[PDB]
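6 protein chains.
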Amino acid sequence: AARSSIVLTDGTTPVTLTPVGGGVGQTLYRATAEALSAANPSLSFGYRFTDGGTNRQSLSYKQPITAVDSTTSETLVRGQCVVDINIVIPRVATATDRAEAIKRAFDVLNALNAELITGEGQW
Amino acid sequence: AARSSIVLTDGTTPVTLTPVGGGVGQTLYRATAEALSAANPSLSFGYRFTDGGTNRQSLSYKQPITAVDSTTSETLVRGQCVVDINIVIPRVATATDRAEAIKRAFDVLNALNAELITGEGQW
Amino acid sequence: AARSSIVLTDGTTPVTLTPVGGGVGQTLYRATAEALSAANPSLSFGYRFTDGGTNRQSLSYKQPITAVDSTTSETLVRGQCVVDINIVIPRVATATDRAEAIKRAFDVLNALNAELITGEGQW
Amino acid sequence: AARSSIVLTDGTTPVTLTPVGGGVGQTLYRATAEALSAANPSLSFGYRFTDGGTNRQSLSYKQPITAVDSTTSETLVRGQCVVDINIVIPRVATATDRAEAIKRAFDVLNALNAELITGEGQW
Amino acid sequence: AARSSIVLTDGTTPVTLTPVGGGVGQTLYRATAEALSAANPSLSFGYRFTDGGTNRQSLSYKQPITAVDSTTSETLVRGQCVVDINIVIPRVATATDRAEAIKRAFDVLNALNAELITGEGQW
Amino acid sequence: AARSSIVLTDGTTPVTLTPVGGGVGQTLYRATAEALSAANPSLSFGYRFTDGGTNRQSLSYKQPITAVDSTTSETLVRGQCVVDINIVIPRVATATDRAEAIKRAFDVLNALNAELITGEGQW
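Here you go:
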């Protein structure tokens, strides 16, 4: 649809992102203002079609890790958390199998929870 | 945690997956039985630590698109829908930053819905 | 206005087109039906400017001549009825003059009707 | 489908173009707007059939922009708005697909209206 | 922060600019001042983010100088006053330093007033 | 008037700048505070003329991004918010037109406010 703002949330701290770039088959996002620059999440979002109707969509959400630097008191950023959700749906896919696959794979976090949120390695 | 079954769902048609292989830093899954083999979704799931505490988890959910072959009436499979959710969290990450990033990035489907479920290319 | 869905019609059988790509001073379109070689009507719109106020708009509406095969869901396409429309409006053109020129050019179909629809004449 | 005067109009001011030549395979039109004789619209309309049945019709409507110089009392020509409309119909096109394609292409002005009448670009 | 008409004014005569295109990464504006359509101000406004968080915004306000030729009664364009305002904000800039920097730079007109409004040079 | 001390402000925190050099058609500025790499805001002013009355004024307001270190009096600087403002006024520009052009351009901050201060938008 027409590019607009998105309200990526996690239940307690919503984040409003706005389209601040992109191109053809691509749409960058960035949070309006958290506290400074480089401490703002982004939601780069591409999409393209190969030879067939293979709807090769892609995503990348980068939330940077910020921490105080009391020796100077400047909110330096240490690193970022990267989540890439690639999606590939072939041309032969009916409209209901595409909806089945996308919603199911996004239901992993509800089912395979503790190994993603906490980072522990299953034995 | 200990490997077990998962109940990947999309609200109407739950899918029970069971661990049928894997290794160290890997755990394959497969649906018990939908109607035959090669028509069963899989939820390959890996995880590893690099030099740093970069919790480089990885996922791959594959749901195959099956269709009847009335000329022979054998339920042949045409292709598959693939969803890859890669996650990278560095060592410097606070335990609350990881949960924030994971849940926010998984909230994309709730936020950026119509371009994923339907496949339309936003303009 | 913004890139939206257009309802290109002929009085009896409307066709809805939604933007499918483009860029700056460029806007593709296509309809909702699906096919292999030629999918649907594709109204490309290529407006731009020049040294002066020479608004050098340009259009191209392709409708694919197709017939639906039996026992196969590929609706074989046979050709395409290309209809180009190029517009060149000078810098000195008052917006009333431009409206007159465009609405008079697009009134040919109601004046030079038989020669365009049937494809004959001028004895 | 004989050659006669046509009454191209925009709704407000009709302009009557009369033939001024062309021969076989084309027809030139021009209104009176006498004094000056070169300051009036024209409708160069040609048509032909290639090796196949590919009907290649072509229209070119030119409207010059006049300015009555009150000092000298002569009409001056500052430029011209040009609208070209090429129509290609392949050998395999049905008699109703022609009408569909033509009336849909000429219906752009009612769909893509603000981008043509006023000269905007869609954002 | 959606695209809508803006009401740029100097205190005496407001001018209303409405969007006329741009797509992602920029936005074009232009007032009506109809007849002629090229004799009215514009506000080409761009913005992007580089490899870092360097927000390189950019504006350009061109106002053409008109002259109503009473002899012919047509509007002539003699030239345009161009005002470019480039803004670069580095990756490390706090959200309150942006307001300090931008609002101070745009306060020059109140400080260096005579050298800009009248065109003098300081001696 | 003559080169003097300007009081560039933003409504809350004023800064006083005194000339620090330059020449003919050139005037540097800087504030009172003292640092090692980047001292203070530095507003350069580079007006000149051309073949015609083409008054090609030019500005640049750099405000360094600084945070004071602990135990050391060097107030480490991190970047600079460059804001260039170039002006090109033609020979035929009546001084009433030039006043409108400059004051309307500097009213963007009050019309295109959120996109400039916050650094987001245009959906």
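Protein chains in written order, with the authors' numbering: chain GM, 1 to 123; chain AA, 1 to 123; chain AH, 1 to 123; chain AG, 1 to 123; chain GO, 1 to 123; chain GP, 1 to 123. Positions of the beta carbon are idealized from the N, C-alpha and C atoms, including for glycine.
Taken through DSSP and simplified to helix, strand or coil, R56 (chain AA) comes out as coil. Identification of residues in the segment 69-92 of chain GP having a C-beta nearer than 8 Å to some C-beta of chain GM yields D69, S70, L76, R78, given in sequence order. Listed as beta-bridge partners of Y29 (chain GO) by DSSP are GO:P19.
In the structure shown, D51 (chain GO) falls within a coil segment according to DSSP collapsed to helix, strand and coil. Within 7 Å of the CB of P19 (chain GO), the CB atoms of chain AG belong to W123, in sequence order along the chain. In the displayed model, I89 (chain GM) falls within coil according to three-state DSSP, outside both helix and strand. Interface criterion met: the Cβ of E120 (chain AA) is under 9 Å from a Cβ in chain AH. Cα atoms of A2 (chain GO) and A31 (chain GM): separation of roughly 15 Å, rounded to the nearest angstrom. A Cβ-Cβ separation of about 6 Å places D10 (chain GM) in contact with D107 (chain AA) under the 8 Å criterion. The continuous alpha helix (DSSP H) containing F106 (chain AA) extends over residues 95-106. Boundaries for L112 (chain AA): no alpha helix (DSSP H) harbours it, and the DSSP string shows neither H nor E there. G11 (chain AH): not part of any beta strand (DSSP E); DSSP gives it neither H nor E.
Only residues of its own chain outside the window of five on either side were considered, and among them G25, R56 have a CB closer than 6 Å to the CB of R48 (chain AH), listed in chain order. Here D97 (chain GP) is buried, its C-beta having at least 16 other C-beta atoms within 10 Å.
Taking every protein chain shown into account, the CB of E120 (chain AG) has 16 or more other CB atoms within 10 angstroms, so this residue is buried. With a 10 Å radius around the Cβ and a threshold of 16 neighbouring Cβ atoms, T94 (chain AA) comes out exposed.
Taking a C-beta cut-off of 8 Å against chain GP, the contacting residues of the segment 35-61 of chain GO are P41, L43, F45, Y47, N55, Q57, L59, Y61, listed in chain order. Contact check for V15 (chain GM) and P41 (chain GM): beta-carbon distance about 6 Å, within the 8 Å limit, so the pair qualifies. Note: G79 (chain GM) is bridge-paired with GM:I65 in the DSSP secondary-structure output. Contact between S37 (chain GM) and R91 (chain GO) is confirmed by a C-beta separation of about 5 Å, below the 8 Å threshold.
Annotated as proximal: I87 (chain GO) and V82 (chain GP), with beta-carbon spacing under 9 Å.
Remark: C-beta atoms of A39 (chain GO) and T13 (chain GO) do not approach each other more closely than 9 Å. For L43 (chain GM), the three-state secondary structure derived from DSSP is strand. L76 (chain AG) sits away from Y61 (chain AG), with the two beta carbons spaced by 9 Å or more. In the three-state DSSP reduction, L36 (chain GM) falls in the strand class (E or B). Proximity of chain AG to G25 (chain GO) at the Cβ level (cut-off 8 Å) is not reached, the minimal Cβ distance being about 11 Å.
Leaving aside the five residues that flank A35 (chain GP) on each side, the residues in its chain whose CB is nearer than 8 Å to its CB run, in chain order, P64, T66, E74, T75, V77.
The C-beta of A1 (chain AH) comes closer than 9 Å to at least one C-beta of chain AG. Taking a beta-carbon distance threshold of 9 Å, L28 (chain GM) does not count as an interface residue toward chain AA.
Rounded to whole angstroms, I102 (chain GP) and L59 (chain AA) show a C-alpha spacing of 57 Å. Beta bridge pairing from DSSP links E74 (chain GO) with GO:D69. Of the residues assessed, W123 (chain AA) falls on the buried side of the cut-off, its CB having 16 or more other CB atoms within 10 angstroms.
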